[PDB]
Amino acid sequence: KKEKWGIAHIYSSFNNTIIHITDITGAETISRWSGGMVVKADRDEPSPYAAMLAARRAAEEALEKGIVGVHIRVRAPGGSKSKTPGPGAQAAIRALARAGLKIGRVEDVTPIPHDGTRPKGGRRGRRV
RNA sequence: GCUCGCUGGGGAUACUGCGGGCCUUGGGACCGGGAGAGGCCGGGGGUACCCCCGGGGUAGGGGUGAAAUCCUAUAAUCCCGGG
């Protein structure tokens, strides 16, 4: 059908957001923009605003190179770390929609352990 | 009356003790269909995490209330194929 589709991996955490566009197989990188290379202050990196700014740029290269459709794979750190995606996920998805890209299947691929390793912080956790 | 008692004899067998006899209620033994993360031994798996190699890809990654240390151009973070 000679139509260009790809996959947008959205690493969302409580400190940073990374948007990475690759081909259908994921073996070739088309664009990769993080939340830290679009804003200066460290506090703004996890902000939903920085996420959408990064997504706009990341989508620009995809449009230029010919990608028209994208399947979104949002993921939190997972494993022994936090599982809930950070705030900069819905913002990134909406920014990708707004930039003029068709959005296909949306799935969460956070790595869930089947009672794997020991989380950091000891038995008493963080005593902030 | 007291010396908290000792001793010579006679009488009773309700209770305790002792010897004997007969019972199943307590507790054990055994058969029947089932329940259970009860133990030990052998075989087979689950994702996740860490390291290494091969491909893509550039400049940040990580972390905090905010930062810094730390990793990163000897190609980091991230995605993919393998051990």
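Cβ coordinates were reconstructed from backbone atoms using ideal geometry, including for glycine residues, and neighbour counts include every protein chain displayed. The numbers here are math on the coordinates, done by the rules we state, and not lab data.
Could you check A:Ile103 against (1) farther than 17 Å from A:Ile18 by Cβ; (2) assigned to a loop (DSSP other than H, G, I, E, B) and say which number it fails?
(2)
Looking at the structure I just gave you, is A:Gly116 in contact (Cβ under 8 Å) with a residue 24 or more places away in the chain, near RNA strand B (Cβ under 9 Å from one of its atoms), of a type outside the set (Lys, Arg) and farther than 23 Å from A:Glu45 by Cα?
Against the criterion (in contact (Cβ under 8 Å) with a residue 24 or more places away in the chain, near RNA strand B (Cβ under 9 Å from one of its atoms), of a type outside the set (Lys, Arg) and farther than 23 Å from A:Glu45 by Cα), A:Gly116 qualifies.
Suppose we keep only residues that are near RNA strand B (Cβ under 9 Å from one of its atoms) and assigned to a strand (DSSP E or B) within the range A:72-87. Which one would you say is farthest from A:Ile7 (Cα to Cα)?
The selected residue is A:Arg75.
Need a quick list: strands (runs of 3 or more DSSP E) entirely within the range A:1-71 having at least 1 residues that are among the polar types (S, T, N, Q), surrounded by fewer than 22 Cβ atoms within 10 Å (Cβ to Cβ) and out of contact with any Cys (no Cβ under 6 Å at 6 or more places or on another chain).
A:17-23, A:29-34
Looking at A:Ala59, is it closer than 15 Å to A:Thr22 by Cβ and more than 11 Å from the chain's Cα centre (by Cα)?
yes
Name the residue that is nearest to A:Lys81 (Cα to Cα), counting only residues in the range A:18-51 that are in contact with a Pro (Cβ under 8 Å, 6 or more places away or on another chain) and near RNA strand B (Cβ under 8 Å from one of its atoms).
For the range A:18-51, the residue satisfying everything is A:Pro46.
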